[PDB]
There are 8 protein chains.
Amino acid sequence: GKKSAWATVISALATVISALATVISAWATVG
Amino acid sequence: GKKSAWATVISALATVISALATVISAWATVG
Amino acid sequence: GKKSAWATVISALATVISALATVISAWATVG
Amino acid sequence: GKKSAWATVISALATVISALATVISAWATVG
Amino acid sequence: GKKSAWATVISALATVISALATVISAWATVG
Amino acid sequence: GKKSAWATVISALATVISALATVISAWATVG
Amino acid sequence: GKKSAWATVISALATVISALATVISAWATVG
Amino acid sequence: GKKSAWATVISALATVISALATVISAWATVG
């Protein structure tokens with residue numbers, strides 16, 4: 001249970017960081 | 001260039017799957 | 001248990017896609 | 001370039017955080 | 001430098017291949 | 001099944017450590 | 001520098017865990 | 001079974017590539 005809760009929090013963090021990586025990668029593509 | 005454009009697309013796909021992983025991990029957390 | 005296993009599969013999929021994005025981004029960095 | 005290198009760093013961060021979520025989910029799967 | 005950038009590319013390749021092994025192992029775990 | 005789950009845990013550990021190496025290598029590339 | 005030295009150490013650790021993962025995955029493959 | 005066999009092969013490949021990444025990272029550290 002607690003391990004799945006931590007996995008959930010970290011997956012949400014990964015989702016945010018992956019979105020940021022996507023935006024910076026688009027910036028590099030046109031920059 | 002094209003490599004950065006591919007990295008952008010695949011990062012976005014990673015973001016999509018990570019958001020789904022977050023939801024399924026929350027589902028596992030509640031049982 | 002089965003729900004946690006499915007969450008693991010989907011999280012691992014997100015990880016592999018993010019890693020592919022990373023290798024392509026690094027290849028662009030050296031390219 | 002510098003922008004592509006930064007994109008690589010942030011994408012690699014997303015990959016490590018997603019991998020952490022994956023290892024924690026697998027550990028939850030085994031108990 | 002160029003050597004550090006190449007090291008990043010090869011390390012990212014190792015990470016993607018390891019992630020592929022992980023996703024295939026998790027998929028085997030669920031069936 | 002249980003053996004495959006343990007194999008998944010150890011593979012995911014390898015993946016997270018390799019990803020950490022990748023992010024540090026990329027950070028050196030921009031550093 | 002120190003960042004590349006850390007990347008070297010952690011890549012070696014990733015190699016160690018990946019070899020163990022290979023052995024445990026073969027163990028799972030045979031049952 | 002077959003999935004675990006593929007995971008074993010890919011883990012061995014990841015082990016080799018991670019070792020190569022370690023060597024190139026050491027080369028960057030002293031190079």
Side-chain angles (χ1 to χ4, degrees), chain A residues 1-19, chain B residues 10-31, chain C residues 1-21, chain D residues 14-31, chain E residues 15-31, chain F residues 1-20, chain G residues 17-18 20-21 24-31, chain H residues 1-8 10-11 14:
Chain A
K2 182 171 176 61
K3 297 164 185 173
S4 279
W6 270 114
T8 303
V9 174
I10 298 160
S11 296
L13 185 58
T15 300
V16 176
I17 300 307
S18 184
Chain B
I10 297 159
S11 296
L13 296 179
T15 301
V16 160
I17 300 307
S18 185
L20 293 179
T22 302
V23 169
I24 297 178
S25 284
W27 185 42
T29 303
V30 297
Chain C
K2 185 170 177 62
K3 295 167 184 174
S4 179
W6 272 110
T8 303
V9 174
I10 301 305
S11 177
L13 184 59
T15 299
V16 74
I17 299 175
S18 183
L20 176 65
Chain D
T15 300
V16 84
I17 300 175
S18 183
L20 175 64
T22 299
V23 67
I24 296 178
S25 182
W27 189 34
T29 300
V30 297
Chain E
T15 300
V16 84
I17 300 175
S18 183
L20 175 64
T22 299
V23 67
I24 296 178
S25 182
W27 189 34
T29 300
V30 297
Chain F
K2 185 170 177 62
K3 295 167 184 174
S4 179
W6 272 110
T8 303
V9 174
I10 301 305
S11 177
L13 184 59
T15 299
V16 74
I17 299 175
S18 183
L20 176 65
Chain G
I17 300 307
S18 185
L20 293 179
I24 297 178
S25 284
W27 185 42
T29 303
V30 297
Chain H
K2 182 171 176 61
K3 297 164 185 173
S4 279
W6 270 114
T8 303
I10 298 160
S11 296

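All heavy atoms count here, side chains included; hydrogens, waters and symmetry mates do not. Protein chains get the first letters and strands the later ones, always in sequence-line order, with residue 1 at the start of each.
- Listed by chain and residue number, C/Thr8 satisfy the side chain to side chain donor-acceptor pair (under 3.5 Å) test with D/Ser25 (two or more places apart in sequence, or in another chain).
- Not a single side chain to side chain donor-acceptor pair (under 3.5 Å) links A/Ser4 to another residue, sequence neighbours left out.
- Listed by chain and number, the residues in a side chain to side chain donor-acceptor pair (under 3.5 Å) with B/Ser18 are A/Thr15 (sequence neighbours excluded).
- Scanning all heavy atoms of the two residues, the minimum distance from D/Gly31 to A/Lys3 falls at O-NZ, 2.9 Å.
- Here B/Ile24 pairs with B/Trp27, C/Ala7, C/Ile10 under the side-chain contact (heavy atoms from CB on, under 4.5 Å) rule; sequence neighbours left out.
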